[PDB]
């Protein structure tokens, strides 16, 4: 069975995780894990309560690891237990993936050094201090690393993973079974297509978080420099 694991942490953006989870759990001969320090409840940033299924110590060797984003990323960037777990699993995983600000966690773990990567548009400046080559594209691949942007990036890249782990016909069948054919009613999903007034509002609302994450990123980079 292919072993797929998601890191589940307090203040995760749950859709970053629950999207790819439901797609990948639809495949044959896959086992999906929700990993935290111990099994039990974990609260997402919206208040939705999820349940981790395994601890770091009990998790099997993973074929795919996926790091979601969210408010909670700042704490995770300075959690030595979580960063060590991610490094251990990434050493042998066939695919190391992240959604949105989850790539900042990969960065803090040292896994973006010299690698092309993306992250959420409002935090993109934090990639270079973590050693990455920043790329402004929605899905960026570099070897076995896949980083994606957007709350639903993992739905789209889960179909790519399905095609490579199995075959294209299997990926197409899952897409059809889920009737997955998005059609957003607005075109404001990128700072390059949204109205300037909307970009300003979004930037202002993210400013305090960006300021705090600049501080965290510099400490994380100092640890990588040692």
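Numbering follows the first chain given and starts at 1.
### Task
Tell me which of 115-123 and 90-98 has the higher mean C-alpha B-factor in the deposited entry.
So the stretch with the higher mean C-alpha B-factor is 90-98.
### Query
Which is higher in the entry, the mean Cα B factor of 63-71 or that of 34-42?
Per the PDB entry, the higher value belongs to 34-42.
### Task
Classify residue 108 as lowest, middle or highest third according to the C-alpha B-factor given in the PDB entry, relative to its own chain.
Bottom third by C-alpha B-factor.
### Message
Among the modelled residues of this chain, does the Cα B factor of residue 166 put it in the lowest, middle or highest third?
### Response
Highest third, going by the recorded CA B-factors of the chain.
#### Entry: Third of the chain, ranked by Cα B-factor, where residue 143 sits
Top third by C-alpha B-factor.
### Task
Report the third (lowest, middle or highest) to which the CA temperature factor of residue 198 belongs, ranking only the modelled residues of the same chain.
Its C-alpha B-factor, which the entry lists for residue 198, ranks in the middle third among residues of this chain.
### Query
How does residue 226 rank on Cα B-factor within its chain, lowest, middle or highest third?
Its C-alpha B-factor, which the entry lists for residue 226, ranks in the highest third among residues of this chain.
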